[PDB]
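Shown next, in structure tokens, is the structure this report addresses.
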RNA sequence: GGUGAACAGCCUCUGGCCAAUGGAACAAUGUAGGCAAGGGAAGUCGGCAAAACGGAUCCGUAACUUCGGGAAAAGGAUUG
RNA sequence: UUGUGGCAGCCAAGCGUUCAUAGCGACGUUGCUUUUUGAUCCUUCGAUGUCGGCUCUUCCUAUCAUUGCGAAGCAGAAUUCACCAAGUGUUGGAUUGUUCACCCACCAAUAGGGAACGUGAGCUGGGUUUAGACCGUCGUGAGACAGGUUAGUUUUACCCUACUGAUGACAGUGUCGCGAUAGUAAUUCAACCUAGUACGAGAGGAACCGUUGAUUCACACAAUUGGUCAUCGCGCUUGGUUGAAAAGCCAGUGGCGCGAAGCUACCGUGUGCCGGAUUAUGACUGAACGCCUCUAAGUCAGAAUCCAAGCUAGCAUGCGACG
Ligand SMILES: [Mg+2]
Ligand SMILES: [Mg+2]
Ligand SMILES: [Mg+2]
Ligand SMILES: [Mg+2]
Ligand SMILES: [Mg+2]
Ligand SMILES: [Mg+2]
Ligand SMILES: [Mg+2]
Ligand SMILES: [Mg+2]
Ligand SMILES: [Mg+2]
Ligand SMILES: [Mg+2]
Ligand SMILES: [Mg+2]
Ligand SMILES: [Mg+2]
Ligand SMILES: [Mg+2]
Ligand SMILES: [Mg+2]
Ligand SMILES: [Mg+2]
Ligand SMILES: [Mg+2]
Ligand SMILES: [Mg+2]
Ligand SMILES: [Mg+2]
Ligand SMILES: [Mg+2]
Ligand SMILES: [Mg+2]
Ligand SMILES: [Mg+2]
Ligand SMILES: [Mg+2]
Ligand SMILES: [Mg+2]
Ligand SMILES: [Mg+2]
Ligand SMILES: [Mg+2]
Ligand SMILES: [Mg+2]
Ligand SMILES: [Mg+2]
Ligand SMILES: [Mg+2]
Ligand SMILES: [Mg+2]
Ligand SMILES: [Mg+2]
Ligand SMILES: [Mg+2]
Ligand SMILES: [Mg+2]
Ligand SMILES: [Mg+2]
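Residue numbers (the authors' numbering), protein chains in the order written: chain DB, 2 to 385; chain OA, 3 to 63; chain GA, 12 to 140.
This is the structure in structure tokens:
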């Protein structure tokens, strides 16, 4: 009663339970190990997957057949307007784990970030932080806020900033309620970290101050939801012969007689998609900052003046008007989903990681139908 | 930039796109999209299809 | 070496013979390099060396297993500049285990992924595309 | 009545009905019906199931035969 | 239970061109195993669905390949014996209902087994295993056949549990966090360089680093390519029908061509992970035993291993900081 012929198991037991994620925003489940000699930097952002397109670039990779040749590659655009830092949180090492010691918020919080604390903003009184705000206008109150900073400097082993997105600057997102997270400050001492975070309250962080060009980043987020799915698509098992009574799309035997139970290893039907995932080593091909030539889609080889947004806009997204980021390959989530960009935990040393990218062409033809023009005036002047 | 032309419909083909057919006589046909490709293999004549580049020069449109 | 291409030709696929050997028609029975997987048929693509029989052609070539190289496939495949290129027919040529062609001439176009991987076929090729 | 060789199938007139519990939504698994690149029975006990063929006009039709057949053999061309 | 089946020991007459023990091992002898069969008749005859295959998962080691080693009648290449080791893998077919077998072919390899001889409210029904029928042998005959042949119904889940997912109460309500525990995942090959180098009379003929690829798997995603149509989107068309034209409708999607969008394919694209402790083994120091000795005390290097990290869950009826 050994199986006659062997084949590897279908599906991975390492991503169980394959249930709906408990989170819409992706959760950073580990930050890069700290290096106190580095200056105080941040380690993550919240972006919005806008869409995909493709480049054509030319390779430099001696020994590869692609050397001195062209290549076409899919890329994903993530719109990443500046983050706004509203708070600071300190952590202390305890025998059970890490613990929040205290936290200080900024005086002025926008309506967007304050929407985060309500489940019906409109019919509330909008009182959140209306009394914590008064701590900034009395010398006894200022004394506390300053004293809380001293306590973080005195005992913290880890410092994080609270930041929210400027959700209002993406009109294609019909959202006013900003997304809020904690982003760890690496480098410098705890005294350096607290000064770096508080000094920079109520202000904006571009994506440039954290991520660079040609560096490898992890992308975190929740995958597309597909509802309740059977075993053939959910797990990838083979179909049964055509002439089976009661259906093809199942697993024929779900276990032996003993143990007299169904094991957790057998494939079952259930939720497919909307799962948390961390995806590593997505390379950065281009940083687009509003107000410089690096924002538009004009290379050194192609000078046709055009914007990154394809004709007719990114489908189901809108128009990318702010800072954005160009990643090699595909991105977790549907369009409009908030994604967590995180600095790599690993050391990047391989030749792919160090490789320098020079684009030659960015396709801005329409992603509806078979796009055939790169700009609208190209289209208009073609016809009439 | 280095554009390329559709053998059927006579439109510009931009980098990273197109379908390249090789016929037995070693003649290379490059199509812009699958609409052109299926009409070609159905043996339509791009001079009889109103939206083609060959048709428009033939009727001075 | 070479990049990975859409495999067009499983075993039992029957292919045209593009050389002046007298074989008309090759019949793929396996593919060199295929470490299998339960129920999956070994498949070939342009530049893949295969084992085949001759089902039409001269008497002295039939009823023998022999090595061949695929040169043309109808299945589209993605070139690494982005295009999806394909041929009108499936074709291969008779070779030795060392790749030496049994015949002397090739009739028709030849996939570039094959010519750069088999220099003796490259020599006999008419137009490498 | 029309199409057509046709009491075939398909649509219509006379006459007869809309009687089969309704509403919302469109997951898995079913059941009934489709389509699928490249390959073409490798599937399977087994081509099971499906696909391919199909009307008419012209041409052409082998073995074998109880000389009656086989035969609509096979193989071609045409069709508004 | 272990005769029989399978695996393994001890002694050593001999083989191994000389040499009992590199590799073997006669005559003898000691065991283990429970995928065979035999023996038995303890359970079940107010019924535990009875071969095989397909499907899927898990487990063992008596290790085939893959990692690290020790020995050789180990020059190199290949091969053989042994150890630690079950982490990963073990295929496509012709014939047969077959398990078994045997060839073809690829491969790093095509190891061996268990789970009610796993698995029929999972399938299938080829075999076997009722009733029809033919042959051969037997029988006076009805009929028999552990002989061959052909045709012969495969029922039920809505219960409990298990499993997979989905809500959810228990310090007001909300946001941001911590992380006990549970799961876990990556895999193997090839080309170039080393290199016609080491080794060798020649014949032959390696490897580490470095580089570039590919296989099996996993997780995503849809810019491009391919697939999908009832966008009933546009076009054409058979039959009918509204007197005609125009516009339509019916033939359950009338039919054909193209067909966005969405979904989706190794048929498309991207990504897949760093510390520590050690095993086998080789060593250091160093007595027992003036020498010696990897061992006694004390140290070291060390793996496809284990534990971490990382990744998934986290109602842990656990906890923190704030509004
Ligand atoms: Mg079994
Ligand atoms: Mg096995
Ligand atoms: Mg998938
Ligand atoms: Mg049935
Ligand atoms: Mg599109
Ligand atoms: Mg199989
Ligand atoms: Mg008539
Ligand atoms: Mg009639
Ligand atoms: Mg097909
Ligand atoms: Mg068959
Ligand atoms: Mg068969
Ligand atoms: Mg088979
Ligand atoms: Mg058979
Ligand atoms: Mg049939
Ligand atoms: Mg006949
Ligand atoms: Mg025994
Ligand atoms: Mg015995
Ligand atoms: Mg009894
Ligand atoms: Mg008994
Ligand atoms: Mg009984
Ligand atoms: Mg019963
Ligand atoms: Mg009973
Ligand atoms: Mg039972
Ligand atoms: Mg062992
Ligand atoms: Mg059962
Ligand atoms: Mg039967
Ligand atoms: Mg009978
Ligand atoms: Mg009988
Ligand atoms: Mg049921
Ligand atoms: Mg664990
Ligand atoms: Mg398409
Ligand atoms: Mg589509
Ligand atoms: Mg020493």
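Ideal Cβ placement from N, Cα and C applies to all residues, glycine included.
Residue-level contact to chain OA via CB, residue i, 9 Å cutoff
i: residue 305/DB; result: yes
i: residue 137/GA; result: yes
i: residue 57/DB; result: yes
i: residue 375/DB; result: yes
i: residue 48/GA; result: no
i: residue 87/GA; result: yes
i: residue 131/GA; result: no
9 Å Cβ cut-off: residues of chain DB touching residue i
i: residue 15/GA; result: By Cβ distance, chain DB contributes nothing, its closest Cβ being about 12 Å from residue 15/GA, past 9 Å.
Cβ-Cβ separation, residue j to residue i (assumed contact under 8 Å), whole Å
i: residue 340/DB; j: residue 79/DB; result: 6 Å
i: residue 375/DB; j: residue 322/DB; result: No, residue 375/DB and residue 322/DB are not in contact; Cβ-Cβ is about 19 Å, not under 8 Å.
i: residue 39/OA; j: residue 21/OA; result: 5 Å
i: residue 73/DB; j: residue 127/GA; result: Between residue 127/GA and residue 73/DB the Cβ distance is about 20 Å, and since that is not below 8 Å, they are no contact.
i: residue 235/DB; j: residue 165/DB; result: The pair is not a contact, with the Cβ atoms about 36 Å apart (cut-off 8 Å).
i: residue 195/DB; j: residue 89/DB; result: 7 Å
Where the alpha helix (DSSP H) through residue i begins and ends
i: residue 42/OA; result: 36–43
i: residue 383/DB; result: 377–384
i: residue 28/GA; result: Careful: residue 28/GA lies outside any alpha helix (DSSP H), inside the beta strand (DSSP E) at 25–28.
i: residue 71/DB; result: Not the alpha helix (DSSP H): residue 71/DB falls in the beta strand (DSSP E), residues 71–80.
i: residue 61/OA; result: 55–61
i: residue 135/GA; result: 130–135
Where the beta strand (DSSP E) containing residue i begins and where it ends
i: residue 219/DB; result: 217–223
i: residue 78/GA; result: 77–83
i: residue 95/DB; result: Run containing residue 95/DB: none; DSSP gives neither H nor E here.
i: residue 272/DB; result: 271–274
i: residue 229/DB; result: 226–230
i: residue 367/DB; result: It is not in any beta strand (DSSP E) - residue 367/DB carries neither H nor E in the DSSP assignment.
i: residue 126/GA; result: No beta strand (DSSP E) holds residue 126/GA; the alpha helix (DSSP H) holding it covers 123–126.
Identity of the residue in the options nearest residue i by Cα
i: residue 33/GA; options: 120/GA, 65/GA and 111/GA; result: 65/GA
i: residue 135/GA; options: 18/GA, 68/GA and 29/GA; result: 29/GA
i: residue 56/OA; options: 4/OA, 5/OA, 3/OA and 12/OA; result: 12/OA
i: residue 225/DB; options: 275/DB, 190/DB, 240/DB and 270/DB; result: 275/DB
i: residue 174/DB; options: 243/DB, 194/DB, 315/DB and 111/DB; result: 315/DB
i: residue 189/DB; options: 38/DB, 152/DB and 65/DB; result: 38/DB
i: residue 177/DB; options: 71/DB, 356/DB, 111/DB and 68/DB; result: 111/DB
i: residue 370/DB; options: 268/DB, 311/DB and 69/DB; result: 311/DB
Chain-ordered chain OA contacts of residue i [CB-CB under 8 Å]
i: residue 73/DB; result: 17 and 18
i: residue 92/GA; result: 17 and 18
i: residue 100/GA; result: 26
Neighbouring residues, chain DB, relative to residue i (Cβ below 7 Å)
i: residue 35/OA; result: 371
i: residue 7/OA; result: Correct list: empty, because the minimum Cβ distance to chain DB is about 12 Å.
i: residue 3/OA; result: 302, 303 and 362
Cβ of residue i within 9 Å of any chain GA Cβ
i: residue 22/OA; result: yes
i: residue 353/DB; result: no
i: residue 249/DB; result: no
i: residue 54/DB; result: no
i: residue 77/DB; result: no
i: residue 32/OA; result: yes
Any chain DB beta carbon closer than 9 Å to residue i
i: residue 59/OA; result: no
Contact list for residue i against chain OA, beta-carbon separation under 9 Å
i: residue 366/DB; result: 16 and 19
i: residue 97/GA; result: 21, 22, 23 and 24
Contact set between residue i and chain GA, taken where Cβ atoms lie within less than 8 Å
i: residue 28/OA; result: 119, 120, 137, 138 and 140
i: residue 67/DB; result: 91
7 Å Cβ cut-off: residues of chain GA touching residue i
i: residue 8/DB; result: 48 and 49
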